[PDB]
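Structure file coords_21.txt; described as compact mmCIF, N, CA and C atoms.
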```
# COMPACT_ATOMS: atom_id res chain seq x y z
N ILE A 83 -28.13 9.51 1.88
CA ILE A 83 -29.13 10.43 2.56
C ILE A 83 -28.41 11.20 3.68
N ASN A 84 -27.30 10.61 4.09
CA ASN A 84 -26.43 11.19 5.09
C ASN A 84 -25.52 12.26 4.48
N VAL A 85 -24.88 13.03 5.35
CA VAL A 85 -23.79 13.91 4.95
C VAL A 85 -22.54 13.45 5.68
N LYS A 86 -21.66 12.74 4.98
CA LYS A 86 -20.46 12.22 5.61
C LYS A 86 -19.31 13.22 5.53
N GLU A 87 -18.52 13.28 6.59
CA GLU A 87 -17.45 14.25 6.66
C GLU A 87 -16.09 13.63 6.33
N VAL A 88 -15.36 14.29 5.44
CA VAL A 88 -13.99 13.92 5.09
C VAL A 88 -13.09 15.10 5.47
N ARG A 89 -12.25 14.91 6.48
CA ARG A 89 -11.42 16.01 6.93
C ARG A 89 -10.02 16.00 6.31
N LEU A 90 -9.63 17.16 5.77
CA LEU A 90 -8.34 17.30 5.13
C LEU A 90 -7.47 18.33 5.86
N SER A 91 -6.17 18.05 5.88
CA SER A 91 -5.16 18.93 6.48
C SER A 91 -4.63 19.88 5.43
N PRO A 92 -4.22 21.08 5.83
CA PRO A 92 -3.65 22.00 4.84
C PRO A 92 -2.25 21.53 4.43
N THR A 93 -1.67 20.73 5.31
CA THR A 93 -0.35 20.15 5.09
C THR A 93 -0.41 18.70 4.56
N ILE A 94 -1.48 18.37 3.82
CA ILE A 94 -1.81 16.97 3.55
C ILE A 94 -0.86 16.34 2.53
N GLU A 95 -0.33 15.17 2.88
CA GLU A 95 0.67 14.50 2.04
C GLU A 95 -0.05 13.54 1.11
N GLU A 96 0.67 13.01 0.13
CA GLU A 96 0.04 12.30 -0.96
C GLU A 96 -0.79 11.08 -0.53
N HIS A 97 -0.28 10.26 0.39
CA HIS A 97 -1.01 9.03 0.72
C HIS A 97 -2.27 9.32 1.50
N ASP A 98 -2.19 10.21 2.47
CA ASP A 98 -3.37 10.65 3.19
C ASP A 98 -4.43 11.25 2.26
N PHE A 99 -4.01 12.04 1.28
CA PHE A 99 -4.94 12.54 0.28
C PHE A 99 -5.66 11.40 -0.45
N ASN A 100 -4.90 10.40 -0.90
CA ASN A 100 -5.48 9.29 -1.65
C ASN A 100 -6.41 8.47 -0.76
N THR A 101 -6.05 8.33 0.51
CA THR A 101 -6.86 7.63 1.52
C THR A 101 -8.21 8.32 1.77
N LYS A 102 -8.14 9.65 1.88
CA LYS A 102 -9.32 10.49 1.99
C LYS A 102 -10.15 10.52 0.71
N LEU A 103 -9.48 10.50 -0.44
CA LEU A 103 -10.15 10.42 -1.73
C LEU A 103 -10.91 9.09 -1.91
N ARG A 104 -10.28 7.99 -1.48
CA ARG A 104 -10.88 6.65 -1.50
C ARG A 104 -12.16 6.67 -0.66
N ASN A 105 -12.05 7.18 0.57
CA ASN A 105 -13.19 7.28 1.49
C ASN A 105 -14.38 8.10 0.97
N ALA A 106 -14.07 9.28 0.43
CA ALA A 106 -15.04 10.12 -0.28
C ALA A 106 -15.75 9.39 -1.42
N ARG A 107 -15.01 8.75 -2.30
CA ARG A 107 -15.63 7.98 -3.37
C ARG A 107 -16.49 6.85 -2.82
N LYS A 108 -16.06 6.22 -1.72
CA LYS A 108 -16.84 5.15 -1.09
C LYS A 108 -18.18 5.65 -0.53
N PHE A 109 -18.17 6.82 0.09
CA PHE A 109 -19.40 7.43 0.59
C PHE A 109 -20.34 7.82 -0.54
N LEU A 110 -19.78 8.38 -1.61
CA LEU A 110 -20.58 8.83 -2.74
C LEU A 110 -21.20 7.66 -3.49
N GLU A 111 -20.43 6.59 -3.67
CA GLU A 111 -20.92 5.36 -4.30
C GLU A 111 -22.05 4.73 -3.47
N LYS A 112 -22.02 4.91 -2.16
CA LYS A 112 -23.09 4.45 -1.28
C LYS A 112 -24.32 5.37 -1.28
N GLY A 113 -24.24 6.50 -1.98
CA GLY A 113 -25.39 7.40 -2.13
C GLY A 113 -25.40 8.55 -1.14
N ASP A 114 -24.33 8.65 -0.34
CA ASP A 114 -24.27 9.70 0.66
C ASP A 114 -23.53 10.92 0.18
N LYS A 115 -23.93 12.07 0.70
CA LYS A 115 -23.23 13.29 0.33
C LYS A 115 -21.96 13.41 1.15
N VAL A 116 -21.03 14.19 0.64
CA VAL A 116 -19.73 14.34 1.30
C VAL A 116 -19.40 15.82 1.54
N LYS A 117 -19.14 16.15 2.80
CA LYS A 117 -18.67 17.48 3.15
C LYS A 117 -17.19 17.36 3.46
N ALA A 118 -16.35 17.92 2.58
CA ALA A 118 -14.89 17.87 2.72
C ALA A 118 -14.46 19.14 3.41
N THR A 119 -13.84 19.01 4.57
CA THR A 119 -13.49 20.18 5.36
C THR A 119 -12.00 20.31 5.70
N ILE A 120 -11.51 21.54 5.65
CA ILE A 120 -10.16 21.88 6.08
C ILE A 120 -10.25 22.90 7.23
N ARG A 121 -9.75 22.53 8.40
CA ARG A 121 -9.75 23.46 9.52
C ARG A 121 -8.36 24.08 9.62
N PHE A 122 -8.29 25.38 9.33
CA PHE A 122 -7.03 26.09 9.29
C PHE A 122 -6.51 26.46 10.67
N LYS A 123 -5.23 26.18 10.89
CA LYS A 123 -4.53 26.60 12.11
C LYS A 123 -3.66 27.81 11.77
N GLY A 124 -3.75 28.85 12.58
CA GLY A 124 -2.99 30.05 12.31
C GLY A 124 -3.48 30.86 11.12
N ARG A 125 -2.73 31.90 10.78
CA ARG A 125 -3.17 32.83 9.77
C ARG A 125 -2.19 32.96 8.60
N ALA A 126 -1.73 31.83 8.07
CA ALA A 126 -0.86 31.91 6.88
C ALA A 126 -1.52 32.67 5.75
N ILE A 127 -0.72 33.45 5.03
CA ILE A 127 -1.22 34.31 3.95
C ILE A 127 -1.69 33.48 2.76
N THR A 128 -1.35 32.19 2.78
CA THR A 128 -1.54 31.32 1.62
C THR A 128 -2.64 30.26 1.85
N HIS A 129 -3.26 30.31 3.03
CA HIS A 129 -4.26 29.32 3.44
C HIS A 129 -5.44 29.15 2.52
N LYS A 130 -6.08 30.25 2.13
CA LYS A 130 -7.25 30.19 1.25
C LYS A 130 -6.89 29.59 -0.12
N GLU A 131 -5.69 29.90 -0.58
CA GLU A 131 -5.18 29.39 -1.84
C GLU A 131 -4.92 27.89 -1.80
N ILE A 132 -4.34 27.39 -0.72
CA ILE A 132 -4.04 25.97 -0.69
C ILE A 132 -5.25 25.14 -0.28
N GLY A 133 -6.13 25.72 0.53
CA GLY A 133 -7.38 25.05 0.87
C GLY A 133 -8.24 24.87 -0.36
N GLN A 134 -8.21 25.90 -1.19
CA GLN A 134 -8.92 25.89 -2.46
C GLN A 134 -8.36 24.80 -3.35
N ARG A 135 -7.04 24.75 -3.43
CA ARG A 135 -6.35 23.82 -4.29
C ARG A 135 -6.53 22.38 -3.85
N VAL A 136 -6.50 22.13 -2.55
CA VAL A 136 -6.73 20.77 -2.05
C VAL A 136 -8.18 20.28 -2.35
N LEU A 137 -9.16 21.15 -2.10
CA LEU A 137 -10.56 20.82 -2.33
C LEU A 137 -10.92 20.72 -3.83
N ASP A 138 -10.31 21.57 -4.66
CA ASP A 138 -10.51 21.46 -6.10
C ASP A 138 -9.98 20.15 -6.65
N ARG A 139 -8.85 19.69 -6.10
CA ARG A 139 -8.28 18.39 -6.47
C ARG A 139 -9.24 17.24 -6.10
N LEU A 140 -9.82 17.31 -4.90
CA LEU A 140 -10.81 16.33 -4.46
C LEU A 140 -12.07 16.34 -5.34
N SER A 141 -12.56 17.54 -5.62
CA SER A 141 -13.74 17.73 -6.44
C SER A 141 -13.61 17.17 -7.87
N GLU A 142 -12.50 17.51 -8.54
CA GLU A 142 -12.16 17.01 -9.86
C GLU A 142 -11.88 15.50 -9.86
N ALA A 143 -11.28 14.98 -8.80
CA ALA A 143 -11.06 13.55 -8.70
C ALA A 143 -12.35 12.72 -8.50
N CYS A 144 -13.45 13.40 -8.11
CA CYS A 144 -14.76 12.77 -7.91
C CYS A 144 -15.80 13.17 -8.97
N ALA A 145 -15.38 13.94 -9.96
CA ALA A 145 -16.28 14.44 -10.98
C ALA A 145 -17.03 13.35 -11.74
N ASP A 146 -16.42 12.17 -11.85
CA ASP A 146 -17.06 11.05 -12.55
C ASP A 146 -18.31 10.54 -11.83
N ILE A 147 -18.38 10.70 -10.51
CA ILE A 147 -19.49 10.18 -9.73
C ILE A 147 -20.24 11.21 -8.88
N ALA A 148 -19.76 12.46 -8.86
CA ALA A 148 -20.37 13.46 -7.99
C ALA A 148 -20.59 14.80 -8.66
N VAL A 149 -21.53 15.56 -8.12
CA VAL A 149 -21.67 16.95 -8.48
C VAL A 149 -21.29 17.83 -7.28
N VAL A 150 -20.82 19.03 -7.58
CA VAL A 150 -20.56 19.98 -6.52
C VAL A 150 -21.86 20.70 -6.12
N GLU A 151 -22.27 20.48 -4.88
CA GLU A 151 -23.48 21.08 -4.37
C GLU A 151 -23.13 22.41 -3.76
N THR A 152 -21.99 22.45 -3.08
CA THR A 152 -21.45 23.68 -2.52
C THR A 152 -19.95 23.78 -2.80
N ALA A 153 -19.59 24.70 -3.69
CA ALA A 153 -18.20 24.92 -4.09
C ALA A 153 -17.38 25.47 -2.92
N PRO A 154 -16.03 25.26 -2.92
CA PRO A 154 -15.23 25.65 -1.75
C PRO A 154 -15.54 27.05 -1.19
N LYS A 155 -15.75 27.10 0.12
CA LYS A 155 -16.11 28.32 0.79
C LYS A 155 -15.70 28.30 2.26
N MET A 156 -15.51 29.50 2.80
CA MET A 156 -15.10 29.69 4.19
C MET A 156 -16.29 29.67 5.13
N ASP A 157 -16.07 29.13 6.32
CA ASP A 157 -17.05 29.08 7.39
C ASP A 157 -16.28 29.34 8.70
N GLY A 158 -15.89 30.59 8.89
CA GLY A 158 -15.04 30.91 10.01
C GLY A 158 -13.59 30.59 9.71
N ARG A 159 -13.05 29.62 10.43
CA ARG A 159 -11.64 29.20 10.26
C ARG A 159 -11.59 27.83 9.54
N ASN A 160 -12.64 27.56 8.78
CA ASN A 160 -12.76 26.34 8.03
C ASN A 160 -13.07 26.71 6.60
N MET A 161 -12.69 25.82 5.71
CA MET A 161 -13.11 25.88 4.32
C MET A 161 -13.77 24.55 4.01
N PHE A 162 -14.90 24.57 3.32
CA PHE A 162 -15.56 23.31 3.00
C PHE A 162 -16.15 23.25 1.59
N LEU A 163 -16.40 22.03 1.17
CA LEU A 163 -16.95 21.71 -0.13
C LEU A 163 -17.96 20.61 0.17
N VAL A 164 -19.09 20.62 -0.51
CA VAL A 164 -20.05 19.53 -0.42
C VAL A 164 -20.19 18.91 -1.80
N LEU A 165 -20.00 17.60 -1.86
CA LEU A 165 -20.22 16.84 -3.08
C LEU A 165 -21.47 15.99 -2.87
N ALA A 166 -22.31 15.89 -3.91
CA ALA A 166 -23.48 15.02 -3.89
C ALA A 166 -23.31 13.97 -4.99
N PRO A 167 -23.82 12.74 -4.78
CA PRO A 167 -23.76 11.73 -5.84
C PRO A 167 -24.55 12.15 -7.07
N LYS A 168 -23.99 11.86 -8.24
CA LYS A 168 -24.67 12.10 -9.51
C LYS A 168 -25.99 11.34 -9.61
N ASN A 169 -25.99 10.08 -9.18
CA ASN A 169 -27.17 9.22 -9.21
C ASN A 169 -27.33 8.52 -7.87
N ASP A 170 -28.54 8.04 -7.59
CA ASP A 170 -28.82 7.36 -6.32
C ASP A 170 -30.04 6.45 -6.44
```

Could the structure of this file be written out as structure tokens, please?
Amino acid sequence: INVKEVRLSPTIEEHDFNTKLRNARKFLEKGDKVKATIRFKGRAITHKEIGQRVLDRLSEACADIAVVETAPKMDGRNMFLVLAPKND
């Protein structure tokens, strides 16, 4: 019933990704929605592309238990995705 936040770095390394992925699946299994957010520092030309790619990886890795309620999108200097549990 909650919206739990999972924060991702644009420079995110493999173990931190898996740790965040574990946490997201844990929230979703508990019936809570997940807002996965990337807060961009600076204006790299490649930010939207990699933020998209990091969140798409999270979304596909949770497809077995979640639906995408809000597909990756910008909110100022942030990009976010909302996943909702398939069942509850």

Check your understanding: Could you name the residues that touch residue 112 (chain A) at 8 Å or less, counting only N, CA and C atoms, but leaving out those on the same chain fewer than 6 positions away, as a ChimeraX atom specification?
Key -> /A:83,106,167,169-170

Point to revise | Contacts of residue 110 (chain A) at 8 Å (all atoms listed in the file; same-chain gap of 2+ positions) as a count of residues only | key: 17

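With only C-alpha atoms as the basis for measurement, A:163 is the residue among A:163, A:145, A:127, A:132 that approaches residue 89 (chain A) most closely.
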
DSSP alpha helix (DSSP H) residues within chain A, as a CSV table (one decimal) with N, CA and C atoms, in the coordinates of the input:
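That gives us part_13.csv:
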```csv
chain,number,residue,atom,x,y,z
A,96,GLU,N,0.7,13.0,0.1
A,96,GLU,CA,0.0,12.3,-1.0
A,96,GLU,C,-0.8,11.1,-0.5
A,97,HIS,N,-0.3,10.3,0.4
A,97,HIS,CA,-1.0,9.0,0.7
A,97,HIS,C,-2.3,9.3,1.5
A,98,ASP,N,-2.2,10.2,2.5
A,98,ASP,CA,-3.4,10.6,3.2
A,98,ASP,C,-4.4,11.2,2.3
A,99,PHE,N,-4.0,12.0,1.3
A,99,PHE,CA,-4.9,12.5,0.3
A,99,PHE,C,-5.7,11.4,-0.4
A,100,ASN,N,-4.9,10.4,-0.9
A,100,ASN,CA,-5.5,9.3,-1.6
A,100,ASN,C,-6.4,8.5,-0.8
A,101,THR,N,-6.0,8.3,0.5
A,101,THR,CA,-6.9,7.6,1.5
A,101,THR,C,-8.2,8.3,1.8
A,102,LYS,N,-8.1,9.6,1.9
A,102,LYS,CA,-9.3,10.5,2.0
A,102,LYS,C,-10.2,10.5,0.7
A,103,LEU,N,-9.5,10.5,-0.4
A,103,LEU,CA,-10.2,10.4,-1.7
A,103,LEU,C,-10.9,9.1,-1.9
A,104,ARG,N,-10.3,8.0,-1.5
A,104,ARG,CA,-10.9,6.6,-1.5
A,104,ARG,C,-12.2,6.7,-0.7
A,105,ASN,N,-12.0,7.2,0.6
A,105,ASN,CA,-13.2,7.3,1.5
A,105,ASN,C,-14.4,8.1,1.0
A,106,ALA,N,-14.1,9.3,0.4
A,106,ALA,CA,-15.0,10.1,-0.3
A,106,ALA,C,-15.8,9.4,-1.4
A,107,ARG,N,-15.0,8.8,-2.3
A,107,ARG,CA,-15.6,8.0,-3.4
A,107,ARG,C,-16.5,6.8,-2.8
A,108,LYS,N,-16.1,6.2,-1.7
A,108,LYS,CA,-16.8,5.2,-1.1
A,108,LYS,C,-18.2,5.6,-0.5
A,109,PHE,N,-18.2,6.8,0.1
A,109,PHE,CA,-19.4,7.4,0.6
A,109,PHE,C,-20.3,7.8,-0.5
A,110,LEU,N,-19.8,8.4,-1.6
A,110,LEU,CA,-20.6,8.8,-2.7
A,110,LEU,C,-21.2,7.7,-3.5
A,111,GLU,N,-20.4,6.6,-3.7
A,111,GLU,CA,-20.9,5.4,-4.3
A,111,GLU,C,-22.0,4.7,-3.5
A,129,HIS,N,-3.3,30.3,3.0
A,129,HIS,CA,-4.3,29.3,3.4
A,129,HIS,C,-5.4,29.2,2.5
A,130,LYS,N,-6.1,30.2,2.1
A,130,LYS,CA,-7.2,30.2,1.2
A,130,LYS,C,-6.9,29.6,-0.1
A,131,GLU,N,-5.7,29.9,-0.6
A,131,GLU,CA,-5.2,29.4,-1.8
A,131,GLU,C,-4.9,27.9,-1.8
A,132,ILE,N,-4.3,27.4,-0.7
A,132,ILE,CA,-4.0,26.0,-0.7
A,132,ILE,C,-5.2,25.1,-0.3
A,133,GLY,N,-6.1,25.7,0.5
A,133,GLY,CA,-7.4,25.0,0.9
A,133,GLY,C,-8.2,24.9,-0.4
A,134,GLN,N,-8.2,25.9,-1.2
A,134,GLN,CA,-8.9,25.9,-2.5
A,134,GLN,C,-8.4,24.8,-3.4
A,135,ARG,N,-7.0,24.8,-3.4
A,135,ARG,CA,-6.4,23.8,-4.3
A,135,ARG,C,-6.5,22.4,-3.8
A,136,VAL,N,-6.5,22.1,-2.6
A,136,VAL,CA,-6.7,20.8,-2.0
A,136,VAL,C,-8.2,20.3,-2.4
A,137,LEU,N,-9.2,21.2,-2.1
A,137,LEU,CA,-10.6,20.8,-2.3
A,137,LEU,C,-10.9,20.7,-3.8
A,138,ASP,N,-10.3,21.6,-4.7
A,138,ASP,CA,-10.5,21.5,-6.1
A,138,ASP,C,-10.0,20.2,-6.6
A,139,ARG,N,-8.8,19.7,-6.1
A,139,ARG,CA,-8.3,18.4,-6.5
A,139,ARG,C,-9.2,17.2,-6.1
A,140,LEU,N,-9.8,17.3,-4.9
A,140,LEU,CA,-10.8,16.3,-4.5
A,140,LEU,C,-12.1,16.3,-5.3
A,141,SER,N,-12.6,17.5,-5.6
A,141,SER,CA,-13.7,17.7,-6.4
A,141,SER,C,-13.6,17.2,-7.9
A,142,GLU,N,-12.5,17.5,-8.5
A,142,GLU,CA,-12.2,17.0,-9.9
A,142,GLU,C,-11.9,15.5,-9.9
A,143,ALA,N,-11.3,15.0,-8.8
A,143,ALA,CA,-11.1,13.6,-8.7
A,143,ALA,C,-12.4,12.7,-8.5
```

Exercise for review: Output as a PyMOL selection string all residues of chain A that backbone DSSP marks as strand (DSSP E or B).
Suggested key: chain A and resi 85-90+115-121+148-156+160-167

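Shortest separation to residue 136 (chain A) among A:90, A:150, A:164, A:85 occurs at residue A:90, atoms counted being only C-alpha atoms.
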
Select, counting all atoms listed in the file, all protein, DNA and RNA residues no farther than 6.5 Å from (-8.8, 31.7, 8.2) in file coordinates, and express the selection as a PDB file with N, CA and C atoms, in the frame of the given file.
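point02.pdb, freshly written:
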```pdb
ATOM      1  N   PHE A 122      -8.290  25.380   9.330  1.00  0.00           N
ATOM      2  CA  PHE A 122      -7.030  26.090   9.290  1.00  0.00           C
ATOM      3  C   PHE A 122      -6.510  26.460  10.670  1.00  0.00           C
ATOM      4  N   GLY A 124      -3.750  28.850  12.580  1.00  0.00           N
ATOM      5  CA  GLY A 124      -2.990  30.050  12.310  1.00  0.00           C
ATOM      6  C   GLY A 124      -3.480  30.860  11.120  1.00  0.00           C
ATOM      7  N   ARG A 125      -2.730  31.900  10.780  1.00  0.00           N
ATOM      8  CA  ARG A 125      -3.170  32.830   9.770  1.00  0.00           C
ATOM      9  C   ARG A 125      -2.190  32.960   8.600  1.00  0.00           C
ATOM     10  N   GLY A 158     -15.890  30.590   8.890  1.00  0.00           N
ATOM     11  CA  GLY A 158     -15.040  30.910  10.010  1.00  0.00           C
ATOM     12  C   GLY A 158     -13.590  30.590   9.710  1.00  0.00           C
ATOM     13  N   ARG A 159     -13.050  29.620  10.430  1.00  0.00           N
ATOM     14  CA  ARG A 159     -11.640  29.200  10.260  1.00  0.00           C
ATOM     15  C   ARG A 159     -11.590  27.830   9.540  1.00  0.00           C
ATOM     16  N   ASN A 160     -12.640  27.560   8.780  1.00  0.00           N
ATOM     17  CA  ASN A 160     -12.760  26.340   8.030  1.00  0.00           C
ATOM     18  C   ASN A 160     -13.070  26.710   6.600  1.00  0.00           C
TER      19      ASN A 160
END
```

Please report, as JSON, the centre and edge lengths in Å to one decimal of an axis-aligned box covering all listed atoms of region 135-147 of chain A with 5 Å per side.
```
{"center_x": -13.3, "center_y": 17.5, "center_z": -7.3, "size_x": 23.9, "size_y": 24.6, "size_z": 20.5}
```

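The residue that comes closest to residue 154 (chain A), out of A:88, A:142, A:133, A:109 and on the basis of only N, CA and C atoms, is A:133.
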
Check your understanding: Counting all atoms listed in the file, which of A:149, A:134, A:91, A:96 gets nearest to residue 121 (chain A)?
Key ->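 Among the listed residues, the smallest separation from residue 121 (chain A) belongs to A:91.
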
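Atom to atom, CA of residue 157 (chain A) and CA of residue 92 (chain A) stand 15.4 Å apart.
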
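Between residue 120 (chain A) and the residues A:143, A:153, A:162, A:97, the shortest atom-to-atom distance, using all atoms listed in the file, involves A:162.
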
**Study point:** d(CA of residue 86 (chain A), atom N of residue 128 (chain A)) in Å
**Key:**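 Pair CA of residue 86 (chain A) / atom N of residue 128 (chain A) returns 27.8 Å.
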
Exercise for review: One decimal, Å: what's the distance from atom N of residue 141 (chain A) over to CA of residue 161 (chain A), could you say?
Suggested key: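 A separation of 13.0 Å between them.
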
Check your understanding: Which is closest to residue 100 (chain A) among A:123, A:87, A:140, A:130, if we use only C-alpha atoms?
Key ->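 The closest residue to residue 100 (chain A) is A:140.
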